[PDB]
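*Asks:* Right, I'll just put the structure down here and ask away after.
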Amino acid sequence: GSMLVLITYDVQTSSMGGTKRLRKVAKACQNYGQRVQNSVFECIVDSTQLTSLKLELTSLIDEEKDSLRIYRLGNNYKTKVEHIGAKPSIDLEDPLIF
Amino acid sequence: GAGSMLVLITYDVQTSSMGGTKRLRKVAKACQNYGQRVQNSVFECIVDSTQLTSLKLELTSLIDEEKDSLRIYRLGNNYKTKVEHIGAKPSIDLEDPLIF
Amino acid sequence: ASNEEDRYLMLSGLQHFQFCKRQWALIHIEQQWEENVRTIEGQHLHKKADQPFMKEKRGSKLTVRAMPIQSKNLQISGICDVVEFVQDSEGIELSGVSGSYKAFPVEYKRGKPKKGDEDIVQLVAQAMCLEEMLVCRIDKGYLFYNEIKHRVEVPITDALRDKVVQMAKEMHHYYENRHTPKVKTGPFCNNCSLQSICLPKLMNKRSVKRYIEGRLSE
Amino acid sequence: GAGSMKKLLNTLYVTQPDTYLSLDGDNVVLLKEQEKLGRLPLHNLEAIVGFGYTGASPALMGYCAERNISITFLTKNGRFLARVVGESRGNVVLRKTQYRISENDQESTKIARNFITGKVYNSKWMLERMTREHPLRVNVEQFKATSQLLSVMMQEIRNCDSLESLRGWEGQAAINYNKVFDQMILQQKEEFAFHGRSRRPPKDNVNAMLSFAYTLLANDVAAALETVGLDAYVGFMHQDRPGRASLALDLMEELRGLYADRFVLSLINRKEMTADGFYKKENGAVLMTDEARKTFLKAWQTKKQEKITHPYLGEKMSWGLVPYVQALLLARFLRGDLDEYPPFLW
Amino acid sequence: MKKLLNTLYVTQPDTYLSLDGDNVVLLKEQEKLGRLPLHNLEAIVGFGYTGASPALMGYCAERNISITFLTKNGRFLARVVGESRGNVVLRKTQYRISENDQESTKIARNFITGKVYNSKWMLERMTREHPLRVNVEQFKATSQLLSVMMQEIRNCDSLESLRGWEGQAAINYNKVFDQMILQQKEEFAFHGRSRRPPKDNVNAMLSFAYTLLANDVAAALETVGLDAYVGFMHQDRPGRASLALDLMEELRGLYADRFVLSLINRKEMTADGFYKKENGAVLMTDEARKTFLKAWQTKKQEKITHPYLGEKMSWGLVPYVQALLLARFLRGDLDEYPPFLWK
Amino acid sequence: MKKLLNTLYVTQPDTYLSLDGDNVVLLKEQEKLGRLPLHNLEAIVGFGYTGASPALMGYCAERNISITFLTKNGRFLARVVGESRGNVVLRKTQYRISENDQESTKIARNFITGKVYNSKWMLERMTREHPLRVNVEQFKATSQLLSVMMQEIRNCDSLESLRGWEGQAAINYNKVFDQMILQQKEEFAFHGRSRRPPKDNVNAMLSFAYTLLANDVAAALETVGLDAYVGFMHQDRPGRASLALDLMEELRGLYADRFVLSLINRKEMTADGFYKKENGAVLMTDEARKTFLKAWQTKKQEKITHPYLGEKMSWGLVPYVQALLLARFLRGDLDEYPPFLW
Amino acid sequence: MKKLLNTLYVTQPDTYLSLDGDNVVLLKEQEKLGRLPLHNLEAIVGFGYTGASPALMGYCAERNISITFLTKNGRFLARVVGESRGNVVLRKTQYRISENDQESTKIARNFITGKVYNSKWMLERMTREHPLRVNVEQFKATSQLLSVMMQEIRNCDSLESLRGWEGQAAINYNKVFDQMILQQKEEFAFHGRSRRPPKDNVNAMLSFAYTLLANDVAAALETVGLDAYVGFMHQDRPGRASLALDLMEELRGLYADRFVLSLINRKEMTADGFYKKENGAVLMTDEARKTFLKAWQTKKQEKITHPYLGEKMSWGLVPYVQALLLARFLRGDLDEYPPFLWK
DNA sequence: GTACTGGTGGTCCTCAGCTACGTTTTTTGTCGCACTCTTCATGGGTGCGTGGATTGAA
DNA sequence: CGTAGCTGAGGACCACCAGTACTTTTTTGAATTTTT
DNA sequence: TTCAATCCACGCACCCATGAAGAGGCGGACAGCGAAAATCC
DNA sequence: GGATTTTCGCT
Ligand SMILES: [Mn+2]
């Protein structure tokens with residue numbers, strides 16, 4: 001439980017009807033998880049929610065035209081994720097004080 | 001270690017300022033050296049620990065801080081059962097017979 | 001006598017010789033080398049923090065880097081990484097610059113301070129080199145530790161001088177008979193970078209003349 | 001992993017003709033009349049094998065020579081057409097030791113003893129492994145008789161003194177082992193029946209696979225030996241015919257039995273290859289087929305990743321490293337850290 | 001373009017190379033520039049970013065011809081060989097000779113005689129050229145001394161004696177060297193040799209030249225297969241190419257000191273390009289270093305004649321051809337090692 | 001199950017919570033502060049004047065996520081409650097069990113038994129670690145007399161009796177509370193549990209924690225489908241919202257008083273983190289509030305072992321399980337409610 | 001909006017409820033559309049995608065006011081309240097009366113009396129409106145029959161009798177009902193009825209109207225605090241909102257069938273939108289259902305007068321307000337529950 | 001033939017703004033009672049590092 | 001106000017195209033508050 | 001006369017497919033309703 | 001004829 005998975009997508013938006021597909025995929029993949037970078041999302045999900053997300057997302061895209069990769073890490077991602085730049089992102093285990 | 005991990009790199013440089021095309025080209029060339037690309041503005045590459053340390057050091061010395069972004073993901077050793085592909089962007093795999 | 005000056009030994013070899021005692025042997029007799037993560041870190045810091053052709057005439061002190069040193073009493077060549085000249089009345093003048101100062105050598109490593117010898121040894125050698133060039137009184141030495149980002153001063157005593165003289169004599173002797181020695185491996189000698197050729201398990205194991213006849217009985 | 005000797009990097013086999021191996025930074029790229037066919041990072045390779053007419057830019061070979069990435073060229077049937085060899089490194093102690101030792105016949109015998117001892121032990125132990133698991137098959141006693149014969153011969157070989165005697169005993173063992181090598185067609189028809197040796201044309205089957213196995217093993221032993229620091233063209237045994245990888249042959253004399261021809265026998269007995277794949281020209285000896293070549297190379301690179309435990313060093317290491325660590329266990333005996341070179345006694 | 005002693009050097013850069021029939025063909029952007037038979041070649045040496053042609057690669061590797069690919073400045077890149085690799089008996093012969101005094105002293109004699117002859121003839125030539133600014137008597141006295149010394153070294157049989165004679169010859173030439181410079185003596189004065197941390201300007205310059213030349217000669221050896229780290233006069237130690245230093249004695253003077261003195265006398269550079277160090281050491285500026293390298297490259301294209309064989313060839317091939325002759329000494333019909341006796 | 005989900009705190013005033021798909025976004029005059037996915041939240045708490053989009057309230061109410069509004073000093077206001085989701089037989093049983101004094105006094109028996117057990121055993125534990133600071137003897141004294149009351153509470157059949165005994169456990173423990181502190185006694189105005197709702201120093205923390213717990217247990221109970229802040233055990237008096245916390249009275253003494261005491265003893269809060277108004281009310285500084293909330297979440301994350309089956313469980317699940325078991329007893333599978341006893 | 005019943009019924013979309021001093025302000029796109037006091041209100045019901053100013057939420061929470069939020073049409077979105085008031089005692093009373101049978105029989109007989117009154121008067125008006133081609137004496141005889149049945153239902157004491165007289169009334173109604181519609185009588189009427197997947201178009205469109213009234217009544221109950229799944233006349237069962245069904249049967253008169261006849265007559269609906277799939281199923285066409293929903297909204301906008309309260313309102317508020325009176329029955333302020341009754 | 005620097009253009013992503021709406025829910029007698037959906041918890045593998053018995057020497 | 005569709009105006013990523021280039025010292029560098 | 005590295009079993013530390021509980025809704029078997037329509041007497 | 005029993009489409 002509580003896997004921190006990574007989703008990347010590259011949708012061809014300039015073939016026949018790309019813009020609609022890109023917008024729908026962006027909204028769908030922002031429904032689950034959080035924004036990190038252009039065409040790079042991370043989510044904190046269980047197995048069932050991830051399977052549901054994959055089933056929902058494999059239909060909005062149109063195959064043979066675009067690409068979509070899903071990576072998974074495990075339970076102790078704090079040792080794995082490392083950052084150097086200037087695009088900070090919250091980690092959804094902090095005290096979360098606003 | 002000597003585990004031959006499959007590390008993932010995401011770089012995000014900014015070309016709207018004085019540090020534009022030069023930085024983008026240099027980062028692209030210094031990241032493509034150690035691995036292939038799977039999608040525009042992302043990279044995956046099989047690496048030991050020492051090469052990864054050299055790569056991370058080079059990129060953290062190359063890009064300008066407070067204006068860019070760089071993320072490194074370490075999947076581990078048993079990686080073949082974690083990468084999941086859906087679309088139609090094939091990528092070569094270097095832990096296979098690899099015949100051309 | 002250039003050939004006499006030719007037969008000098010790199011100072012880092014003398015630093016290594018206060019260690020696993022084969023690392024120097026591998027690195028200077030068989031001409032082999034590898035690279036661990038910590039070697040990469042140390043090499044990067046040494047490269048970044050050192051650039052020649054520049055000097056800083058602040059007035060309070062004069063710091064010069066990458067200065068070649070060649071001591072003849074010990075037959076040691078090397079490159080001192082930090083030399084600090086400080087205003088003094090009894091010090092000797094430096095060539096090419098007006099005034100007189102006192103010279104302090106400083107070499108900066110990466111890592112926590114070592115409880116035993118290693119570093120200190122090398123530092124002492126530094127002073128002797130200057131003793132054979134600027135011929136003065138060098139009784140102080142600062143080490144700049146990076147993992148803690150601070151300085152530690154170590155006074156120099158003649159016992160360390162005799163120690164390093166005898167050590168350099170033996171280390172120079174080992175070239176005459178190019179015989180790499182052995183020593184107990186211990187558990188510390190893991191993070192060695194030369195381990196892929198060092199082979200600790202091959203040093204304290206039974207002879208092959210037993211194994212090859214044993215499994216041959218059947 | 002404790003010793004963590006090295007890591008078994010992969011290997012590239014290019015088969016399509018009229019390509020061109022170019023270099024871009026650290027990447028090897030396969031161009032073909034300006035069309036790009038692919039690119040691979042060069043830190044993830046060990047050797048690159050080319051088939052047919054494949055040219056190389058001087059920058060690429062110059063980059064590959066200095067990092068012990070070997071390059072090999074083959075025409076159609078794994079010939080020794082051309083390799084790449086780099087500069088010489090400054091490790092004169094090992095080379096001086098090797099040349100001086102090779103100048104002394106007594107040390108030549110004291111090394112060839114261990115080489116042939118390992119070889120005959122390999123032969124005997126593999127023969128006994130084959131007998132005990134196939135009860136109802138061949139004379140379960142001819143194999144046994146050859147087994148105690150080889151046990152008898154080995155102790156005597158251990159006690160040899162001059163090179164000619166050791167050559168005689170090696171030949172005796174070779175014939176007395178081929179006598180029963182002719183006996184394994186367990187699960188395939190007569191077209192895989194061994195009927196002797198033909199050198200330049202693989203006029204039959206079995207030879208058309210043993211030749212490929214031997215070439216692909218020689219090109220690995222040579223690379224390992226030139227990586228460790230030794231020179232691989234002067235030998236502790238064999239007649240020193242000029243310009244032949246003599247030390248490579250010496251070091252292969254031990255893993256040939258358990259690493260190449262065992263592999264071909266396993267390939268045949270599992271019926272992973274069919275006699276329809278091969279063909280023949282007007283004379284044409286026997287030439288393999290492109291899908292047949294692909295299957296051979298896939299099975300080879302798949303088996304080269306099995307994890308075993310090494311007898312002497314006592315570590316869990318992959319199969320393909322064995323021709324490397326052995327060489328490393330060899331060039332250190334030269335510095336005197338052991339008593340005598342332990343051959344592989346799987 | 002040129003074939004010297006059964007070898008083929010292609011010195012002009014950017015010229016592709018291929019096979020036609022049973023001959024080698026040079027090309028430069030689809031323009032036929034040269035055709036040469038391959039019946040009696042022994043090796044091929046390239047300098048350009050050519051790549052050769054795989055047909056010829058297979059052809060030569062089948063016909064016992066190895067290929068060596070360098071870069072246009074002489075650095076070693078790769079060596080394509082088949083089974084033979086060529087240098088096995090030669091390298092064994094070198095290793096066997098490296099551990100005996102008689103043959104090593106013979107070859108050291110061959111080197112040193114050439115060195116002293118070149119030095120003496122250069123001295124006499126400079127006496128002849130310029131009358132007014134010369135102490136003629138000192139040079140003629142040293143010339144007679146050096147002639148007697150050469151005649152003596154011709155009959156040496158022990159390493160220590162030859163080392164002592166080499167030392168005396170070095171002292172003589174060094175005590176003569178300073179007044180050779182005829183311009184800009186304000187800061188360019190020679191008063192000793194200090195290889196490690198060089199001091200006071202000109203010394204450093206000299207050192208740099210040696211290094212380049214050594215590297216050049218080093219690559220030269222690797223062309224033929226001589227093991228660069230096991231010397232003949234100089235004793236072997238790890239990390240140093242002893243045989244390169246043995247070989248580059250005969251070529252040191254005429255090819256490095258002449259170049260440095262030409263740079264100094266022609267006002268090719270000024271002392272403003274040398275920076276200071278606190279202990280008296282001297283270094284070079286990047287602009288000065290690049291000018292030095294460019295001048296070296298340009299001089300490397302000067303065309304002269306070969307004293308021993310006669311072919312008109314560039315300066316840059318002198319270290320290779322000599323080295324080739326060295327190889328032909330180790331296993332061949334050479335009676336004795338021919339030095340670069342160049343008037 | 002339900003691994004403890006996170007919780008979102010908002011303090012800065014005049015923000016706005018808005019829905020977008022399954023993400024909650026914070027705006028303030030069209031300035032996107034941040035967006036959080038709602039599939040890994042358990043509750044949302046807001047300070048000051050913060051509004052919510054009615055679509056967001058509908059979404060959270062449907063999907064069992066509790067929205068709560070607060071003001072400055074945790075003064076409870078405007079909980080978000082949804083609808084009736086079914087399992088009508090369970091509500092039938094619970095509504096029948098009430099207004100009948102036998103079952104009511106059984107449940108009161110178990111509740112106050114748990115409370116007394118926790119208080120006594122915690123006091124004995126504290127006198128067991130470091131005996132130099134306080135008088136062990138008297139502490140031990142209190143122990144046995146509470147043990148005495150334990151036998152009495154088990155031999156009980158009337159609710160009207162237990163309330164009286166409550167006072168005893170409410171007057172036989174306060175006399176120890178003032179001696180509970182170790183450090184910073186002179187600075188922290190420490191008059192024991194002598195309390196004042198309009199705030200007279202120290203108890204700011206008390207009230208804060210009380211209200212905090214009250215909300216967690218209310219959400220945990222409503223997830224299963226019953227309401228017990230004024231139910232079968234507690235008095236019918238309106239405005240005495242404690243039975244929901246009486247399910248965790250067993251914990252009210254433990255998980256809130258223990259937290260306050262650990263913060264005080266570990267010298268992690270300084271007296272400059274509080275202030276008093278002109279009239280006399282006492283408030284907490286914003287940085288101190290952030291420190292308190294960080295500590296509260298970090299403590300709630302720590303993982304322990306439950307007595308019942310020992311499956312390795314976390315602290316935030318302590319209220320929830322106490323609700324779930326209360327279901328299984330009302331289904332008739334067990335005999336009487338097993339409370340939480342540490 | 002603010003009925004005599006202490007609730008607020010803001011129905012116009014996009015109206016921002018906000019707070020001024022101690023009063024509520026209804027903003028209609030940034031101007032002060034309305035202002036109401038809060039001194040005597042008890043609960044607020046809000047339709048439409050809107051908001052509430054957090055000041056209003058805070059002012060309502062403290063002084064025992066619940067803020068219920070629903071959508072435009074009606075689908076209980078959420079409720080906001082502090083320590084809950086007016087739900088625990090009401091729901092416990094609901095369950096207690098659900099346990100017993102005497103009060104349940106009384107309430108069910110009340111509801112059935114309301115239904116029979118409604119249907120009888122509907123027939124009276126139907127025969128008065130069009131006294132040209134209609135069986136007037138037949139409808140009068142049916143009227144007397146249902147008058148006697150109304151007296152008997154008012155004289156009821158047990159459930160069984162209730163369910164029975166229900167069934168009877170139902171058959172009689174189907175019977176007479178076929179002859180009621182005026183226009184398009186020759187189209188697709190009913191001779192048979194299904195409480196399950198229907199046959200005949202009229203029966204299916206009754207089913208759809210029943211479903212819409214179902215969702216409306218469910219929200220009507222949920223917005224006040226009562227349950228859904230335990231009823232008074234209908235017995236309890238998991239998953240069936242029995243109270244919802246009871247209120248459905250009470251209000252199945254003017255609000256459902258009159259809409260049916262209006263859609264059928266006036267030629268506002270055609271036979272092209274009705275289909276058949278092997279079992280009598282009337283698959284509603286998408287355009288047909290769009291028109292149906294638009295007509296339903298339009299009818300909901302129609303103004304009428306409450307028979308009991310007398311205050312003018314919309315049709316869409318007829319259920320909720322009615323259901324709200326049920327709450328005031330269970331709080332002890334009412335003696336009975338007349339939906340449409342003389343008393 | 002490479003490595004490095006300019007410039008050009010075509011193609012991916014995210015915010016900004018305008019326009020129209022918002023949600024589409026095919027029954028309901030009661031009574032246990034065999035079925036289905038959804039969701040939480042275990043007896044198999046699969047390693048992955050380690051002390052316990054074994055003897056050839058000092 | 002949330003949910004959809006529609007344009008737009010940009011900042012990122014990368015594939016090419018073209019034009020002036022191509023050799024450097026020597027020594028340095030980690031280890032049980034973890035190293036597969 | 002005790003010894004001094006070696007393998008060797010050996011345990012141990014988690015993971016995972018899957019098989020069985022609560023909430024849920026499904027059709028059947030009796031409850032019913034009164035006429036009617038005979039069904040029979 | 002007359003209990004009455006079944007048949008039969010609605011809660
Ligand atoms: Mn340093």
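FYI, nothing fancy with the structure tokens labels: chains A, B, ... in order, residues from 1 per chain, ligands from 1 as they appear.
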Which RMSD value, in Å, follows from superposing chain G onto chain E on all C-alpha atoms in order by least squares?
*Replies:* 1.4 Å
*Asks:* DSSP on the backbone, strand (DSSP E) only: what residues of chain A does that give? Format it as a PDB file with N, CA and C atoms, in the first residue's frame.
*Replies:*
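Final output, out-v6.pdb:
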```pdb
ATOM      1  N   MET A   3       1.977   3.188  -2.546  1.00  0.00           N
ATOM      2  CA  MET A   3       3.026   3.270  -3.550  1.00  0.00           C
ATOM      3  C   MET A   3       3.106   4.687  -4.102  1.00  0.00           C
ATOM      4  N   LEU A   4       4.327   5.151  -4.342  1.00  0.00           N
ATOM      5  CA  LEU A   4       4.572   6.449  -4.967  1.00  0.00           C
ATOM      6  C   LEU A   4       5.010   6.191  -6.402  1.00  0.00           C
ATOM      7  N   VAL A   5       4.062   6.261  -7.327  1.00  0.00           N
ATOM      8  CA  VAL A   5       4.313   5.905  -8.711  1.00  0.00           C
ATOM      9  C   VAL A   5       4.495   7.165  -9.545  1.00  0.00           C
ATOM     10  N   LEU A   6       5.127   6.994 -10.701  1.00  0.00           N
ATOM     11  CA  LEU A   6       5.439   8.069 -11.630  1.00  0.00           C
ATOM     12  C   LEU A   6       4.764   7.791 -12.964  1.00  0.00           C
ATOM     13  N   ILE A   7       4.154   8.818 -13.551  1.00  0.00           N
ATOM     14  CA  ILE A   7       3.464   8.692 -14.828  1.00  0.00           C
ATOM     15  C   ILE A   7       4.019   9.731 -15.790  1.00  0.00           C
ATOM     16  N   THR A   8       4.440   9.283 -16.968  1.00  0.00           N
ATOM     17  CA  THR A   8       4.841  10.199 -18.023  1.00  0.00           C
ATOM     18  C   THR A   8       4.026   9.897 -19.271  1.00  0.00           C
ATOM     19  N   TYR A   9       3.665  10.973 -19.981  1.00  0.00           N
ATOM     20  CA  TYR A   9       2.858  10.845 -21.188  1.00  0.00           C
ATOM     21  C   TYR A   9       3.329  11.753 -22.307  1.00  0.00           C
ATOM     22  N   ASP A  10       3.278  11.260 -23.533  1.00  0.00           N
ATOM     23  CA  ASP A  10       3.649  12.051 -24.704  1.00  0.00           C
ATOM     24  C   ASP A  10       2.579  11.789 -25.758  1.00  0.00           C
ATOM     25  N   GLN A  34      -0.346  14.431  -8.323  1.00  0.00           N
ATOM     26  CA  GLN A  34       0.062  15.820  -8.191  1.00  0.00           C
ATOM     27  C   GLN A  34       0.958  16.190  -9.364  1.00  0.00           C
ATOM     28  N   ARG A  35       1.043  17.491  -9.631  1.00  0.00           N
ATOM     29  CA  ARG A  35       1.882  17.996 -10.709  1.00  0.00           C
ATOM     30  C   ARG A  35       3.319  18.140 -10.233  1.00  0.00           C
ATOM     31  N   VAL A  36       4.264  17.686 -11.055  1.00  0.00           N
ATOM     32  CA  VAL A  36       5.677  17.870 -10.751  1.00  0.00           C
ATOM     33  C   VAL A  36       6.345  18.656 -11.868  1.00  0.00           C
ATOM     34  N   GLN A  37       6.250  18.167 -13.103  1.00  0.00           N
ATOM     35  CA  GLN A  37       6.910  18.836 -14.212  1.00  0.00           C
ATOM     36  C   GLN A  37       6.066  18.676 -15.467  1.00  0.00           C
ATOM     37  N   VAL A  40       5.384  15.193 -16.647  1.00  0.00           N
ATOM     38  CA  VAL A  40       5.851  14.291 -15.597  1.00  0.00           C
ATOM     39  C   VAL A  40       4.968  14.489 -14.372  1.00  0.00           C
ATOM     40  N   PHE A  41       4.231  13.445 -13.992  1.00  0.00           N
ATOM     41  CA  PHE A  41       3.357  13.460 -12.833  1.00  0.00           C
ATOM     42  C   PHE A  41       3.803  12.390 -11.848  1.00  0.00           C
ATOM     43  N   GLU A  42       3.525  12.617 -10.568  1.00  0.00           N
ATOM     44  CA  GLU A  42       3.699  11.582  -9.561  1.00  0.00           C
ATOM     45  C   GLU A  42       2.417  11.456  -8.752  1.00  0.00           C
ATOM     46  N   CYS A  43       2.125  10.230  -8.326  1.00  0.00           N
ATOM     47  CA  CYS A  43       0.909   9.940  -7.587  1.00  0.00           C
ATOM     48  C   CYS A  43       1.239   9.053  -6.398  1.00  0.00           C
ATOM     49  N   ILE A  44       0.390   9.122  -5.378  1.00  0.00           N
ATOM     50  CA  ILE A  44       0.502   8.283  -4.193  1.00  0.00           C
ATOM     51  C   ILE A  44      -0.776   7.458  -4.132  1.00  0.00           C
ATOM     52  N   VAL A  45      -0.700   6.201  -4.571  1.00  0.00           N
ATOM     53  CA  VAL A  45      -1.885   5.378  -4.773  1.00  0.00           C
ATOM     54  C   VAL A  45      -1.663   3.978  -4.220  1.00  0.00           C
ATOM     55  N   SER A  67       2.479   7.850 -26.514  1.00  0.00           N
ATOM     56  CA  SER A  67       3.222   7.008 -25.588  1.00  0.00           C
ATOM     57  C   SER A  67       2.838   7.354 -24.157  1.00  0.00           C
ATOM     58  N   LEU A  68       2.945   6.362 -23.278  1.00  0.00           N
ATOM     59  CA  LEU A  68       2.565   6.542 -21.879  1.00  0.00           C
ATOM     60  C   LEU A  68       3.297   5.502 -21.047  1.00  0.00           C
ATOM     61  N   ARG A  69       4.189   5.954 -20.169  1.00  0.00           N
ATOM     62  CA  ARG A  69       4.992   5.070 -19.336  1.00  0.00           C
ATOM     63  C   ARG A  69       4.619   5.240 -17.870  1.00  0.00           C
ATOM     64  N   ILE A  70       4.552   4.116 -17.159  1.00  0.00           N
ATOM     65  CA  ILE A  70       4.226   4.081 -15.738  1.00  0.00           C
ATOM     66  C   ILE A  70       5.364   3.390 -15.003  1.00  0.00           C
ATOM     67  N   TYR A  71       5.953   4.082 -14.031  1.00  0.00           N
ATOM     68  CA  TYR A  71       7.001   3.536 -13.182  1.00  0.00           C
ATOM     69  C   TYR A  71       6.504   3.459 -11.745  1.00  0.00           C
ATOM     70  N   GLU A  82      15.245  12.337  -5.299  1.00  0.00           N
ATOM     71  CA  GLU A  82      16.236  13.349  -4.964  1.00  0.00           C
ATOM     72  C   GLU A  82      16.072  14.544  -5.893  1.00  0.00           C
ATOM     73  N   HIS A  83      16.276  15.747  -5.354  1.00  0.00           N
ATOM     74  CA  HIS A  83      15.974  16.983  -6.066  1.00  0.00           C
ATOM     75  C   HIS A  83      17.141  17.953  -5.959  1.00  0.00           C
TER      76      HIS A  83
END
```
*Asks:* Residues within 9 Å of ligand 1 should be enumerated using only C-alpha atoms (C1' of nucleotides) and all ligand atoms and returned as a tab-separated table (two decimals) with C-alpha atoms (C1' of nucleotides), in the first residue's frame.
*Replies:*
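Result written to out29.tsv:
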```
chain	number	residue	atom	x	y	z
C	42	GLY	CA	37.77	13.70	-3.79
C	43	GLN	CA	38.99	14.16	-7.36
C	45	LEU	CA	36.87	18.72	-5.03
C	46	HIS	CA	40.61	18.74	-5.77
C	50	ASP	CA	42.52	24.35	-7.40
C	80	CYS	CA	51.73	21.44	-2.45
C	81	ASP	CA	48.11	22.56	-2.64
C	82	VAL	CA	48.02	25.49	-0.18
C	106	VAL	CA	48.18	23.40	4.18
C	107	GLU	CA	46.73	20.39	2.35
C	108	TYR	CA	42.98	19.75	2.37
C	109	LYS	CA	41.41	16.29	2.09
C	110	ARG	CA	37.82	15.01	2.07
I	28	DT	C1'	46.87	14.47	-7.70
I	29	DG	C1'	42.47	11.25	-5.32
```
*Asks:* For residue 7 of chain J, list every protein, DNA or RNA residue within 10 Å, evaluated using only C-alpha atoms (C1' of nucleotides), and leave out those in the same chain fewer than 5 positions away; present the list as a list in words.
*Replies:*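 Here the answer would be residues 314 of chain D; 53 and 54 of chain H.
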*Asks:* So that I can see what lies close to segment 111-118 of chain C, please list as an mmCIF file with C-alpha atoms (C1' of nucleotides), in the first residue's frame the residues with an atom at most 8 Å from it, counting only C-alpha atoms (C1' of nucleotides) and leaving out residues fewer than 4 positions away in the same chain.
*Replies:*
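So the final result, stored in part-v1.cif, reads:
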```cif
data_model
loop_
_atom_site.group_PDB
_atom_site.id
_atom_site.type_symbol
_atom_site.label_atom_id
_atom_site.label_comp_id
_atom_site.auth_asym_id
_atom_site.auth_seq_id
_atom_site.Cartn_x
_atom_site.Cartn_y
_atom_site.Cartn_z
ATOM 1 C CA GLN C 15 50.559 9.079 1.937
ATOM 2 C CA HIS C 16 49.204 5.709 0.786
ATOM 3 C CA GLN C 18 50.722 4.511 5.748
ATOM 4 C CA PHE C 19 47.752 2.304 4.894
ATOM 5 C CA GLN C 122 52.030 13.483 4.448
ATOM 6 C CA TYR C 145 38.718 19.172 6.646
ATOM 7 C CA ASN C 146 35.829 19.420 4.179
ATOM 8 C CA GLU C 147 33.223 17.039 5.622
ATOM 9 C CA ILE C 148 33.181 19.268 8.720
ATOM 10 C "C1'" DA I 30 38.235 7.729 -0.396
#
```
*Asks:* Determine, counting only C-alpha atoms (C1' of nucleotides), which protein, DNA and RNA residues have an atom within 12 Å of an atom of residue 6 of chain J; residues of the same chain fewer than 5 positions away are not included. Present the result as a PyMOL selection string.
*Replies:* (chain C and resi 205-206) or (chain D and resi 311-314) or (chain H and resi 52-55)
*Asks:* With only C-alpha atoms (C1' of nucleotides) considered, list every residue of chain G at most 12 Å from chain K, as a PyMOL selection string.
*Replies:* chain G and resi 160-175+191-195+233-234+249
*Asks:* Restricting the calculation to only C-alpha atoms: of A:33, A:85, A:95, A:17, which residue gets closest to residue 12 of chain B?
*Replies:*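 Result for the nearest residue to residue 12 of chain B: A:85.
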*Asks:* Residues within 12 Å of residue 15 of chain I, please, as a ChimeraX atom specification. Count only C-alpha atoms (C1' of nucleotides); anything in the same chain fewer than 5 positions from it doesn't count.
*Replies:* /H:8-11
*Asks:* Compute the chain I side of the contact with chain A at 10 Å, counting only C-alpha atoms (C1' of nucleotides), and hand it back as a list in words.
*Replies:*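 That gives the following set of residues: residues 5, 6 and 12 of chain I.
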